[PDB]
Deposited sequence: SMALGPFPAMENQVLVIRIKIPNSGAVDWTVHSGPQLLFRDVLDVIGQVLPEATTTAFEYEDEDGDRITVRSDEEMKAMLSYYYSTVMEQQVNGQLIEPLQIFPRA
């Protein structure tokens, strides 16, 4: 007999943390990613700021602020859906870019 197996979210996750006037750090995430853990990495790479949140760009080109795990999940879900569209067309996949926010 045949059944559908799992469709993975996506193939490794890269979060590009863009740092003001300083460059970017590409964090390759090992496979749940928690909001807390993202803030912790931001605090390592941007150590002389305090970071309570970050932003990403949505499909409308708007900057969306993330302050919670539920918001993280909505960001990731959108990202994964974009990556899956591009994977199927052989388009270049770009990392998930975030912008630390005071």
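Several segments of the deposited sequence are absent from the coordinates, namely 11-12, 34-35.
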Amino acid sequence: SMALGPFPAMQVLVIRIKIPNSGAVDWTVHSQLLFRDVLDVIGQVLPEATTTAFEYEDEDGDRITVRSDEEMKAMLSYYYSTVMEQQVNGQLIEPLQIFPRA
From here on, numbers count along this sequence of modelled residues.
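Looking at 44-52 and 71-79 together, the entry lists the larger mean B-factor for 44-52, computed on C-alpha atoms. Sort the modelled residues of the chain by CA B factor and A3 lands in the middle third.
Ranked by C-alpha B-factor against the other modelled residues of its chain, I64 falls in the lowest third.
Among the modelled residues of the chain, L34 sits in the middle third by CA temperature factor in this PDB entry. The deposited CA B-factor of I17 belongs to the lowest third of values across its chain. When the CA B factors of the chain's modelled residues are split into thirds, the value for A24 lands in the middle one.
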